[PDB]
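Heads up, the chain below is alone and in the form deposited in one PDB entry; it's given as C-alpha cells.
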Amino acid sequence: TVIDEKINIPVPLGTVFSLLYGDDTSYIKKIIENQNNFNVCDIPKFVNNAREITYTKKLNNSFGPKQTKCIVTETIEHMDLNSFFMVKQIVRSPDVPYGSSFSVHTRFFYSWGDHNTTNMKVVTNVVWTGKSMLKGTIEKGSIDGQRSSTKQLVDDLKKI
C-alpha cells in the first residue's frame, strides 16, 4: 500500500505543483517519457481538476504481455492553499491479464515542509471489479513498479 513514506523535495509546494501539474505540461511529459513509456499522448492541462493521459508501457516481467496500454485518470483531490495538496491517479491497463477487472489507484500526498520544502508520500491500492486468481500478483505488480515509477519521478524532479 504505502510506497514511499517521506521523500523531501528541496522546492516549495506551489512550485512542485506547477512543475508536475502546471498548465505547462512539458515537464511532466519529460517525466512520463522517462518511465519506459512510448506513444505518449499530448499531455493535457487540467480542466475542472481532471485530465486524461494515455501511453504504452514497456514491461520486463516474468512473462506478462511485456507491453500494455495505459489510460490514466489524474485528478487534483485536495487543495489546502498553503499546507498540502493531493493528486490521485486511476490507471487502467486493458492489455494485461485480467485487465478491466481492476485499476490501480495512486494518491500523491504533497505537504508544506520545513523552510518551505516539500515532502511527498505515495500510496497505492488495487480496486477490483472482478474475481481473479491473479489478484495477489497484480497487487504486488502494481506496488513494485509504482515503487520504481516514484523513484524515477523524484529522481527527475530533484535534478531541475
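Residue positions are given as counts along the sequence shown, with the first one as 1.
From this point on, the text means the form deposited in another entry, which you will not see here.
J.: Are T25 and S93 assigned to the same rigid part between this form and the one not shown?
T.: Taking the motion between this form and the one not shown as two rigid parts, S93 shares its part with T25.
J.: Between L13 and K151, does the Cα distance in the other form come out closer or farther than in this form, changing by 3 Å or more?
T.: Compared with the shown chain, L13-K151 is farther in the other form.
J.: Knowing the shift is 3 Å or more, I'd like to know if the C-alpha atoms of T129 and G136 are closer or farther apart in the other form than in the shown chain.
T.: Relative to the displayed form, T129 and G136 draw closer in the other form - a change of at least 3 Å between their C-alphas.
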